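Mapped onto the entry's author numbering, the consecutive letters of the sequence shown carry residue numbers 0 to 64, 68 to 238. Backbone N, C-alpha and C define an ideal beta-carbon position, used for all residues, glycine too. These notes concern the structure reproduced below.
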Amino acid sequence: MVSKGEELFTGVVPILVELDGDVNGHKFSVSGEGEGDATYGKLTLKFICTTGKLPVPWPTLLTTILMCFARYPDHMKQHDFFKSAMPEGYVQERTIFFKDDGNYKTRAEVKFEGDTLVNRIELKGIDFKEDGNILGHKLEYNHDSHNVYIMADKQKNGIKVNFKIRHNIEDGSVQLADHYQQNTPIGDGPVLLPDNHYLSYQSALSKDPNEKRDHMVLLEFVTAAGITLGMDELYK
């Protein structure tokens with residue numbers, strides 16, 4: 000018996016992910032599994048495209064396929083909406099706009115199913131260019147660090163999250179992916195509505211040398227941080 004959602008995260012927690020996607024009419028499914036440890040801010044995951052070849056590059060789906071595993075420092079624990087919503091979970095919705103290309107729209111439920119944290123997702127991608135960086139597979143197999151900005155959404159009893167991912171293209175250029183995100187509790191009980199803050203993300207993408215299916219091995223590190231007010235030198 001636990002009083003607060005955060006109590007469910009003192010140790011290692013198994014994770015399952017299941018994603019059904021449809022990008023420019025190309026349908027696919029991805030199944031993932033691994034574990035997360037919020038005391039360390041770590042998630043380790045392996046994803047398989049169970050339907051065959053993935054029609055888009057793995058890094059484009061990375062953000063879509068569990069912010070509840072963030073390490074929030076002691077002095078910020080009152081701002082952890084994600085764990086507070088557990089075990090009932092939250093809905094996580096995004097639109098992702100790839101600059102000069104198509105967009106993904108996603109809806110996910112992240113909740114406990116028995117002892118396991120499960121992220122179930124639907125994704126629809128439309129308006130992609132056949133010879134663009136996404137359908138043309140021109141992205142590098144990496145995903146650089148990014149700080150994602152979170153503000154409370156009082157009326158929805160949830161949060162809004164905006165950030166812009168800079169995907170690396172093989173020719174040295176960047177493909178921008180503007181993310182607009184919202185999270186709302188599934189349950190009706192009180193959740194923590196956070197002051198504005200960041201989650202700092204890192205991602206490391208690899209391959210399993212014994213795996214012949216289309217797949218991605220993913221390690222994430224995520225830690226919460228506060229904000230500093232930037233000042234132009236003029237004002238210092």
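Identity of the residue in the options nearest residue i by Cα
{"i": "residue 2", "options": "85, 48, 13", "result": "85"}
{"i": "residue 247", "options": "74, 41, 7", "result": "The structure shown does not extend to residue 247, since the chain is modelled only from 0 to 238, so the question has no answer here."}
{"i": "residue 126", "options": "57, 107, 69, 134", "result": "107"}
{"i": "residue 32", "options": "220, 116, 234", "result": "220"}
{"i": "residue 96", "options": "83, 103, 111", "result": "111"}
{"i": "residue 213", "options": "5, 39, 191, 45", "result": "45"}
{"i": "residue 69", "options": "5, 117, 27, 159", "result": "5"}
{"i": "residue 190", "options": "170, 172, 210, 158", "result": "158"}
{"i": "residue 209", "options": "169, 170, 58", "result": "58"}
{"i": "residue 268", "options": "14, 72, 50", "result": "Any property of residue 268 remains undetermined from this structure, which presents the chain solely from 0 to 238."}
{"i": "residue 199", "options": "154, 232, 160, 28", "result": "154"}
{"i": "residue 64", "options": "109, 231, 233", "result": "109"}
{"i": "residue 49", "options": "76, 30, 238", "result": "30"}
{"i": "residue 136", "options": "230, 10, 56, 93", "result": "56"}
Chain-order list of residues whose beta-carbon lies under 8 angstroms from that of residue i (same chain, five-residue window excluded)
{"i": "residue 101", "result": "177, 178, 179, 180"}
{"i": "residue 89", "result": "4, 7, 113, 114"}
Whether residue i touches residue j by CB criterion (9 angstroms)
{"i": "residue 114", "j": "residue 42", "result": "no"}
{"i": "residue 196", "j": "residue 152", "result": "yes"}
{"i": "residue 205", "j": "residue 149", "result": "no"}
{"i": "residue 61", "j": "residue 145", "result": "yes"}
{"i": "residue 12", "j": "residue 35", "result": "yes"}
{"i": "residue 83", "j": "residue 182", "result": "no"}
{"i": "residue 185", "j": "residue 141", "result": "no"}
{"i": "residue 47", "j": "residue 119", "result": "no"}
{"i": "residue 224", "j": "residue 40", "result": "yes"}
Chain-order list of residues whose beta-carbon lies under 7 angstroms from that of residue i (same chain, five-residue window excluded)
{"i": "residue 52", "result": "216"}
{"i": "residue 25", "result": "54"}
{"i": "residue 80", "result": "194"}
{"i": "residue 172", "result": "140, 142"}
{"i": "residue 165", "result": "148, 150, 151, 181"}
6 angstroms Cβ shell around residue i - same chain, five flanking residues per side excluded
{"i": "residue 143", "result": "207"}
{"i": "residue 78", "result": "226"}
{"i": "residue 236", "result": "none"}
{"i": "residue 222", "result": "42, 205"}
{"i": "residue 129", "result": "104"}
{"i": "residue 160", "result": "185, 186"}
Reduced DSSP category for residue i - H, G, I as helix; E, B as strand; rest coil
{"i": "residue 158", "result": "coil"}
{"i": "residue 76", "result": "helix"}
{"i": "residue 189", "result": "coil"}
{"i": "residue 148", "result": "strand"}
{"i": "residue 139", "result": "coil"}
{"i": "residue 13", "result": "strand"}
{"i": "residue 39", "result": "coil"}
Within-9 angstroms CB hit, residue i to chain D
{"i": "residue 44", "result": "In the displayed structure, chain D is absent; only one protein chain is listed."}
Requested in this report: Give a yes or no on contact between the segment 13–31 and the segment 115–134, applying the rule of three or more CB pairs nearer than 8 angstroms.
Outcome: yes
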